[PDB]
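J.: Sending over a structure as structure tokens; questions will come in a sec.
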């Protein structure tokens, strides 16, 4: 239930943050 | 119950981080 | 024990990430 | 035990995010 869904949501957010950071890095590298 | 409250706070902070990174991405690429 | 220490470490990391993002924002604003 | 393993993974991802943000900060300010 709630603990496992919150953990899943957190892991999804961390994945999305990692993508955003990789995109920013690529933008800075041109 | 305590774990649930801490995980909820973690999710909220990650959501705020995502928004801040979306803004930085838009500043660099917009 | 371990659950509470891991949660504390995570909350500290989130705080540090929020500072880094605020610093980056200020750097972009000059 | 499961919570402990997920929290450990969350801490590891946050550490990686911190490093990526330190690099971006250095690119902009260095």
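J.: Measuring label to label, 7 Å along Cα→Cβ, what does residue B:30 give against each other copy in nm, shortest first?
T.: 1.7, 2.3, 2.7
J.: Rg to Rh ratio, the protein assembly as shown, alpha-carbon atoms and Kirkwood radius?
T.: 1.00
J.: To the nearest 500 deg cm²/dmol, what mean residue ellipticity at 222 nm is calculated for the protein assembly as shown from DSSP H runs of n ≥ 4 alone, each contributing -39,500 (n - 2.57), summed and divided by the residues?
T.: -33500 deg cm²/dmol
J.: Let me ask something additional. Using Cα centres only, tell me the gap between chain C and chain A in whole Å.
T.: 15 Å
J.: Further question: Distances in nm, one decimal, shortest first, from residue B:12 to the same residue in every other copy, taking the label point 7 angstrom along Cα→Cβ.
T.: Those separations, rounded to one decimal, come out as 2.0, 2.2, 2.9 nm.
No lab work stands behind these numbers, since they all come straight from the coordinates. Note that we place each Cβ from the backbone using ideal geometry, even for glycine, and neighbour counts take in every protein chain shown.
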